[PDB]
Amino acid sequence: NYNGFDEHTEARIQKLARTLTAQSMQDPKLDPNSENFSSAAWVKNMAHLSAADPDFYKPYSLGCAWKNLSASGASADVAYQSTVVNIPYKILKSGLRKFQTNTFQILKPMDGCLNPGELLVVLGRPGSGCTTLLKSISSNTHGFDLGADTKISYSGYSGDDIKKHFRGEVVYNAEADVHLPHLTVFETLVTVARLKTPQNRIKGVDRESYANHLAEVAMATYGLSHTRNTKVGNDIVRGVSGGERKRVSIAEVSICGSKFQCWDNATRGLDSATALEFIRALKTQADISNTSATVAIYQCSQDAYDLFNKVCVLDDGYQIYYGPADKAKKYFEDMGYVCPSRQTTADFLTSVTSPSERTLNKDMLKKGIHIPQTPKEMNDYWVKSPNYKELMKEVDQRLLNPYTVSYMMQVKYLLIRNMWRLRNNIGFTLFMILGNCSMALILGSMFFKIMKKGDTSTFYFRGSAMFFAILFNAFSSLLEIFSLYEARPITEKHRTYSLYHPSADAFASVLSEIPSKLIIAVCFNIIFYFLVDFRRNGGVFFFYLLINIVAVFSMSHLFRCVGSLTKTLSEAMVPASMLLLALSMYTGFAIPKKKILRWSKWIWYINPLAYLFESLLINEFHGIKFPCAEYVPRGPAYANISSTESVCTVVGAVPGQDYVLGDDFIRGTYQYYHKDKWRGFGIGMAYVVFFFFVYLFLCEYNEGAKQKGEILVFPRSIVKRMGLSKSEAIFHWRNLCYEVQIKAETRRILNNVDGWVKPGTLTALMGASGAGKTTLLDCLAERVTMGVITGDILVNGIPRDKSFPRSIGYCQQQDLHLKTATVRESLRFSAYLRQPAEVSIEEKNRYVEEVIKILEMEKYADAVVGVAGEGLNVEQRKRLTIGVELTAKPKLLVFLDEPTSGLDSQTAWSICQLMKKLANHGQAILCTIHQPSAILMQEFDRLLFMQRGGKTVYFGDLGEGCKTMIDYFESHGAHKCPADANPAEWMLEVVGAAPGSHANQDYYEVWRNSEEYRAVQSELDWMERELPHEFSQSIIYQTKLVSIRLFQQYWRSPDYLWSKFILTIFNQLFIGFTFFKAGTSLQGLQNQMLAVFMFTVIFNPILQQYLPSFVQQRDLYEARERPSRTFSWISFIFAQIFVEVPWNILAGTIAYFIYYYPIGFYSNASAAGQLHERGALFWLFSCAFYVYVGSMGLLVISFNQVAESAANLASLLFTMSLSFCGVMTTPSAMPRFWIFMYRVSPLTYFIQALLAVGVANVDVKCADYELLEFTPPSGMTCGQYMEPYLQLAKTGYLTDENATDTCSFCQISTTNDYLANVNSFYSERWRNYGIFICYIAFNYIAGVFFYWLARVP
Ligand SMILES: CCNc1cc2oc3c/c(=[NH+]/CC)c(C)cc-3c(-c3ccccc3C(=O)OCC)c2cc1C
Ligand SMILES: Nc1ncnc2c1ncn2[C@@H]1O[C@H](COP(=O)(O)OP(=O)(O)OP(=O)(O)O)[C@@H](O)[C@H]1O
Ligand SMILES: Nc1ncnc2c1ncn2[C@@H]1O[C@H](COP(=O)(O)OP(=O)(O)O)[C@@H](O)[C@H]1O
C-alpha cells in the first residue's frame, strides 16, 4: 500500500542519499549524513538540477490558462457496415470524397486556469468532452480543429511554442500502463533515468551510479521499491499489480520531468483503494516536482476527491463549474440541487447533469426561482455566477504574462534496454536458435547422400541446396518483427515527450538483433555446409558465410521497412507475402536468368537475393572439375570408342572430356561468370545500407495517432431508409460448500453458504475483491466444473435437474459478443437457439422486440456490435449482454456478475434501474455488486454479505437506507455508522475486509449465532417442505443457425476475404506469368515443376489469415455459448468447417483460372487431345489444395490456444512436406531414412499429379544450348551410330539423323519420360487426387477429434 510520503519513504530516500554521497566520497538542510536532512528537499534539489542546465531555457513550472477554448470536428455521420461486396465501392467513394463539410461543436467556449502544483479533476459523463478538453489543454489537438478565438497560455508560452521546443514539458497520457511487459520495474525506470541524466554536469559520481540513484529515488517516492526486480508485466504476462503498473508510469513521467500532465482514463480497471493510491502518487509528484496534473476519472472516491485542488464539470461540451474542489458542492447546492446525505460529492457533481438522477430543491421551486436543468441553462448560470467572474480575473492576468543526451548515447541506452528485453524473454530466443539449427540439420541430412559422390549427377542438387541455404539464411531474421511491433507503442509514448529520437530506438533495435543473427548464421551454415558437402576449402567457405550474412541483413532491413509502414503484423501480411514470393522465386534457381521473360527481367535486376545467389554459385562451382557421371553413348555396344565420340550429359559438357568444368556449367545454365563473383557483395551491402537508412527515416517521421468520434455502424440495408415471463419457482441453496485441490489440499472457497432468491426480488451479493462472489455464482449456476460441491441447491424444493443450466440466465462481467453481428441479430440468434423448440419463430421475434423495448435500445437495435473503439460503448454492450439472456426466457433466475463495475456512476445507476425494473416485472435477479454507492444500494431488496474465504456474514432485507443492515451490525457490536458514510464501505470495514484490516469480532460467528440466522433456517425449512434434453434445439438446427452466422461473419469481414483473394490473385498470377508458356525444353520442364512447387508456397499466409477468424469464433463460443448451453460443440466445429470450405473452393477456382492458362498447361493438354479432362482435373486440384490449406488450419488451431503457435506448427509441417515432396531433391537421392517423410507428405501426391496433368503426353523441344553434341565414328551417320544406344535407353531423338560431321542429341523425346524421372506419372493422376482428398478428410476428422480432446470438458 502507498501513503504518499509517509516516514517510510522518507527513510528510504535518506538511505539512498547517504549511499550516493558516500559513493562519491569514496547546507545542513540537504547533507544526508547529518540531522535535519529532509528527503523532500533532496528530491526537489535533484528535480531542479535536472532542469538547471545552462544550455536549457526551459521553465521551472508550467500552468495552463485558457479562455474561449472551443473545439470542433467533422460530423461522424453514421456510415454503413463494410462487406466484401461493398468495401470496393466504399473505398472508391472515400477516395472521391478525399479528392473532392458540416461540423460538430465538441466543446462550446470554456475557460480555466491551473497554477503549478495543483491537481484538476475533469468530471462528466461519457461523451461529455473530457478527453477532448485534456487533448486541447495539452496541445494534442490532432483530429479536430481548435476554435479561432481560443487562447492558451502555458505561463507565457503559447501552445505553438511548446509544440516547437518544449514538447514533453506538456504530456497527455491516454492510458497509464503502456510498458514493455518483460522488463523489470527497475530496468524500465533506469533506462529512462539514463536517457535523462544531464550528461555534462555530474561530478564525484559516475553517470551510471547517478542514473541508478535517480531510478531508486523515483521508485521510493512512488512506493515501488518492493517491485525493483519484478517484471512490469501485462494483462497476459504476470508482473506488478495494476495499481503498481500505473504508479510505474507516474514515476517514469516524473523522471522525464514533465511539468504539465493529463491522464484521460487514469483509474480504469482500479478498485477504490488502488485508484486512491494512484491519485495520491500524482499528488506527491505535484508536491515535489511542482508539476500540475489533470485527471479525468469516473466513480471518483470522496477520499480521492479530497486530494484535488480544482474541479471541472462538463456536459454536452459545456463547462458548468470550474474552481476549487471544495466549493463545487456549495456552488451547485446554490444552483438549486441537493446532495443526498450519503452521496459522495463527485457523484453529486456528475449527477447534476443527469435529469433522471438529480433532485431539485423543492424549497427554491416554491419561491419560483428558476433552477437550470439543461446544459445550456447551467452554462449560462455559471457565466452569470460570481465564480466565473473571479475565475476570469485570475485567467486574465495569467494571459497578460531538444534531448538531454546525444544521439549515440540514446542508441547505447536503448540497445542496453533491448538486450535486457532479450535476456528476460530468453526462452523464445533459445527456441528460435534451436529451430534454425534443427532445420539446418534436417535439410543437410536430406542432401547428405547424393551430394557426397561429387559427380556431375549432383549439379541440380547443388543448385537446390544452395537455394535452400540462401533462403533459410536470408529469411531467418523475419521473426524480429514481433519485437519491432511490440516496441512501437512504447516508442510512440517516449516520443510524445522528448526522451530520444525514434531513429535512435530503430537503430538500437537493429543493433540488438546482431548477436542472434550472427549466432543463427554460424550455427545453420556450419551444420549445413558440412552435411551438404560443398567445397571444403576454407576461403570459399568464409566467402559463402559472408554472402549469407549479407543476405540475412539485407532481408532484415527490407522487411523492417515494410513492418514500419503497417499498423500491425496482420496488415503487413499481404505485401510482405508478395515480397517474399517475388524475392524467393526470382533468386535465380526457380527460373534461371536465361529464361526470365523481358517483362520481369528488372525483377531479377533489383532482387538482392539474385546477386547473392549468383555469388554463391560462382564461389561453389568456379575452378572445380566434376568428373563426368554418365555419357550419352553408353552400354556394351559402346565399350570400344574414341574420346570425342561421346559427351557428358550436362550443360557445360564437351565431347571427349571425363569432367565438366563447373564454370562452364553455370555459364551455360544460369550465365554467371567468375568476373561477377564480388558483384553480389557490393549490391547486397548497397541494399543493406540503403534500407537501413530508409528504415530509420520511416521510423523517424511516419508515425502518429488520430482522434475520431465514437460511431454506430448500422449496416447499409438499414442506412438505405434510416411482456417478460415471470420467474415461476423459488431458488434456494443450503449448507453449500466448495473445495478445490489446486492451491492447497482441501482448501475451502465457500463455507456453509445458504440463502435463496424469490421471484420479483433483486438480491445483492456483496463481498471484498475475491471472497468467492463469482465463485458462488458459478456454483449456484452449475457453471463450475472443477472441485467438489456439497450441500443443497434446490429449485422449488426439488434438486435442480439437467434442464437447470438452460432455465437460468447468466450475464457475465465481460460483455463478449460477435463483433460483426448486430444488436437485433444477436438477440434473435440467442432467442432462436435457447427458447423452447416449439415456439414459432414469429413469436420469438415478438419477444425479442419486447426485450429490446424494455432495455430501451430501440434507437440502436440495428447497430453493429463492433468493438470498444468503434460500435457499441460499454453501457450499450452491457445492455446487449443483459438482453441476450433475457431473450432466452430464463424460466428461473437471472444471474448478473458485477453489472455496474467498470461503468461511471450515471451509467451504473441506469443499469441498476434497469435491473430493478426487471425485478418489478417479475424476474428473480441475483447480482454481484462491487463498491456500490449508497444510492444504488437503495435498489436491492436483499443483501447476502460474504467475508473473505466464502464465509457468509449477513443475509437479510437491508430495507430503507440500508437501515436494517446497519442495525443488525450495530446491535452486534459494530461501531455506529456515520450519517454520511456509505453503508457498503462502512460494513466492509465492520467485518474488516476493507483496508485497515481489523474487526471488533469474527462476524461470521456472530452470524452463525445470530437471530437472523435462525430465522433464515426456519424459512429454509419451510422452503424445503413447500415442494408441492440438454439442448433446446436439435443439432441440425443449431448447425444451421451457427453456420449462417459464421457466413455473415465472413461476409462483413471484408479485410479477411479480400486479403485472401487478393493474395491468391497476385501470387498465382505472378507465378503463371513468370513462367508464361514455359515451353517443353529440358529446362522448361523443370521450370514448370518449380512453378507447381511455388504454387503451394501460398499455404502459410492464407492459413494465417484464416486462423484469426476461427479464434474469434472460438473465444465467443467457449466463453459464453458453451456454458450457457446455447449450442453443442458439434455445431460449432461443423460450422467452422462448412463455412470455410466454400470460400476456399472459390479461391481455388480463381487460382486455377489465372494460373493454369497463363502458364500454358492448356496447350499441352490440347496437343494431347485431352483439353477438357486435364483442365477439369487441374481445377479439382487447385480447389482441393485450397480446401486442404483450410483443413490444415483447422487441424492446427483445434488444440492450440493461441493463433501464433498454431500458425508456427502449420508452417513447420508445411515446410517438412514441401522440402520432402521430392522436387528439391528426388526420392532416390534422399537417404533411405527419409523415404517415409517423402511418402507421407501430401505435397508429393499433389505436386506429382499436378505436374503430370500440366506437362504429360507431349514432345520435348531441346533448345540449342541443351542439345548434346558429339562426332559419329568414321564412315557412319549418327542415325546408324546412335541406334544401338537408342534401342536400350528407349528415348531421345537426334536433331538430324543423317549428319556425318557432328550431330546434336536430345536425351528426352517426350515429356512423359522426363516426368518418370521426377517420379510423376500421368496414369496416376486420379489415384493421387484420391490420396490428396484422403489427406483433407483426415485433417478435418483429426481436427474435430483434437478439439474434442483439448477443448471440450
Ligand atoms: C511473413 C514472414 N513469413 C514467415 C517467416 C518466417 O521466418 C522465420 C524466420 C526464422 N528465423 C528467426 C528470425 C525462424 C526460426 C522461423 C521462421 C518462420 C517459421 C516458423 C515456424 C516454422 C517454420 C518457419 C519457416 O518456414 O521458416 C523459414 C525460414 C517463418 C514463418 C513465416 C510464415
Ligand atoms: N473529430 C472528433 N474528435 C473527437 N470527438 C468527436 C469528433 N467528432 C465528434 N466527436 C464526438 O464528440 C464527443 C466528445 O467527447 P469526448 O470523447 O472527447 O469526451 P469523453 O467521451 O468524456 O472522453 P472519453 O471517451 O475518454 O471518456 C464524443 O461523443 C465524440 O463521439
Ligand atoms: N486456480 C483457481 N481457479 C479458480 N478459482 C480459484 C483458483 N484458486 C483460488 N480460486 C478462488 O477464486 C476466488 C476468486 O474468484 P471470485 O472472488 O469469485 O471473483 P470476483 O471476486 O471477481 O467475483 C477466490 O476466492 C479463490 O479462493
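Each answer follows from the model by the rule given with it, or from the source it names; no laboratory instrument gave them. Don't worry about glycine lacking a Cβ; one is built from the backbone with ideal geometry, like all the others, and counts go over all protein chains shown.
What the table shows:
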item	result
Residue within region 839-855 that is part of a loop (DSSP other than H, G, I, E, B), of a type in the set (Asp, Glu) and more than 16 Å from ligand 3 (Cβ to nearest atom) present	no
Residue match in region 759-780 (condition: assigned by TED's automatic domain parsing to the domain that holds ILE882, more than 16 Å from ligand 3 (Cβ to nearest atom) and part of a loop (DSSP other than H, G, I, E, B))	yes
Candidates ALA908, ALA919, filtered to the one that is within 16 Å of ligand 2 (Cβ to nearest atom), within 20 Å of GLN812 (Cα to Cα), among the small types (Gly, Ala, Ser) and assigned to a helix (DSSP H, G or I)	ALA908
Number of the condition not met by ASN1257 [criteria: (1) in a helix (DSSP H, G or I); (2) surrounded by fewer than 20 Cβ atoms within 10 Å (Cβ to Cβ); (3) in contact with a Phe, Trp or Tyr (Cβ under 9 Å, 6 or more places away or on another chain)]	(1)
Subset of region 139-171 (residues that are away from ligand 2 (no atom under 16 Å from the Cβ) and among the acidic types (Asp, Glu))	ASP149, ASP160, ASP161, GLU169
Any pair with Cβ under 7 angstrom, 6 or more apart, that starts in region 1197-1225 at a residue that is in a helix (DSSP H, G or I) and ends at one that is among the small types (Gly, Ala, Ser) and more than 9 Å from ligand 1 (Cβ to nearest atom)	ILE1197/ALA1203; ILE1197/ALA1206; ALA1210/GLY1193; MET1216/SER1241; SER1217/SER1241
Region 1194-1221, subset among the polar types (S, T, N, Q) and touching a helix residue (DSSP H, G or I) at 6+ places or on another chain (Cβ under 6 Å), residue farthest from ligand 3 (Cβ to nearest atom)	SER1217
Subset of region 92-110 [among the hydrophobic types (A, V, I, L, M, F, W, C) and outside any helix (DSSP H, G or I)]	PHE104, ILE106, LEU107, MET110
Every residue from region 1023-1068 that is β-branched (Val, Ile, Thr), farther than 30 Å from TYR1156 by Cβ and crowded, with 19+ Cβ neighbours inside 10 Å	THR1039, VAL1042
Residue in region 109-122 that is surrounded by fewer than 18 Cβ atoms within 10 Å (Cβ to Cβ), among the polar types (S, T, N, Q) and either away from ligand 3 (no atom under 16 Å from the Cβ) or in the same structural domain as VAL311 (by TED's automatic domain parsing) (or both) present	yes
Test for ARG877: is it assigned to a helix (DSSP H, G or I), in the same structural domain as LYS917 (by TED's automatic domain parsing), surrounded by fewer than 16 Cβ atoms within 10 Å (Cβ to Cβ) and of a type in the set (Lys, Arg)	no
Residues that are under 14 Å from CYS699 (Cα atoms) and more than 10 Å from ligand 1 (Cβ to nearest atom), drawn from region 553-594	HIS557, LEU558, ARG560, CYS561, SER564, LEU565, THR566, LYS567
Failed condition for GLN299, given (1) within 16 Å of ligand 3 (Cβ to nearest atom); (2) closer than 29 Å to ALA71 by Cα	(1)
Region 933-955, residues that are buried (at least 21 other Cβ atoms within 10 Å of the Cβ), away from ligand 3 (no atom under 12 Å from the Cβ) and not in a helix (DSSP H, G or I)	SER933, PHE940, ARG942, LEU943, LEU944, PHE945, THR952, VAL953, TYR954, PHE955
Enumeration of residues in region 785-809 that are of a type in the set (A, V, I, L, M, F, W, C) and closer than 20 Å to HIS1029 by Cα	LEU794, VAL795, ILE798, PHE804, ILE808
Lone qualifier among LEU918, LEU943 - being within 40 Å of the chain's Cα centre (by Cα), aliphatic (A, V, I, L, M) and either within 16 Å of ligand 1 (Cβ to nearest atom) or outside the structural domain of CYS300 (by TED's automatic domain parsing) (or both)	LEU918
Criterion (away from ligand 2 (no atom under 16 Å from the Cβ), of a type in the set (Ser, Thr, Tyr) and in contact with an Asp or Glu (Cβ under 6 Å, 6 or more places away or on another chain)) met by exactly one of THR491, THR566	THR491
Subset of region 716-734 (residues that are touching an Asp or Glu at 6+ places or on another chain (Cβ under 7 Å) and under 23 Å from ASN845 (Cβ atoms))	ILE718, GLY723, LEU724
Residues that are in contact with a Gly (Cβ under 8 Å, 6 or more places away or on another chain), within 30 Å of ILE279 (Cβ to Cβ) and among the polar types (S, T, N, Q), drawn from region 2-35	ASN3, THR9
Among (1) within 16 Å of ligand 2 (Cβ to nearest atom); (2) surrounded by fewer than 18 Cβ atoms within 10 Å (Cβ to Cβ); (3) over 19 Å from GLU870 (Cα atoms) - the single one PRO88 does not satisfy	(1)
Test: residue in region 699-715 that is crowded, with 19+ Cβ neighbours inside 10 Å, over 30 Å from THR141 (Cβ atoms) and either in contact with a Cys (Cβ under 7 Å, 6 or more places away or on another chain) or in the same structural domain as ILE549 (by TED's automatic domain parsing) (or both)	no
Only listed residue being farther than 22 Å from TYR403 by Cα and more than 16 Å from ligand 3 (Cβ to nearest atom), chosen from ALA215, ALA220	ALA220
Considering residues of region 438-459 that are within 26 Å of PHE681 (Cβ to Cβ) and either under 43 Å from the mean Cα position of the chain (by Cα) or not in a helix (DSSP H, G or I) (or both) only, the residue farthest from ligand 3 (Cβ to nearest atom)	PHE447
Odd one out for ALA17 among (1) under 30 Å from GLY869 (Cα atoms); (2) hydrophobic (A, V, I, L, M, F, W, C); (3) surrounded by 15 or more Cβ atoms within 10 Å (Cβ to Cβ)	(1)
Residues (closer than 23 Å to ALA286 by Cα and aliphatic (A, V, I, L, M)) located in region 142-186	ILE152, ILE162, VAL170, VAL171, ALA174, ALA176, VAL178, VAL185
Search result, residues across region 640-656 that are closer than 24 Å to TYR673 by Cα and surrounded by fewer than 20 Cβ atoms within 10 Å (Cβ to Cβ)	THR649, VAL654, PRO655, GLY656
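Here is a yes/no grid of residues against (1) of a type outside the set (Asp, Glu); (2) under 30 Å from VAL1255 (Cβ atoms); (3) in the same structural domain as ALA1256 (by TED's automatic domain parsing):
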| residue | (1), (2), (3) |
| --- | --- |
| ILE1035 | yes, no, no |
| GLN1038 | yes, no, no |
| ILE1044 | yes, no, no |
| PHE1047 | yes, no, no |
| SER1059 | yes, no, yes |
| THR1064 | yes, yes, yes |
| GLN1068 | yes, yes, yes |
| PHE1076 | yes, yes, yes |
| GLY1079 | yes, yes, yes |
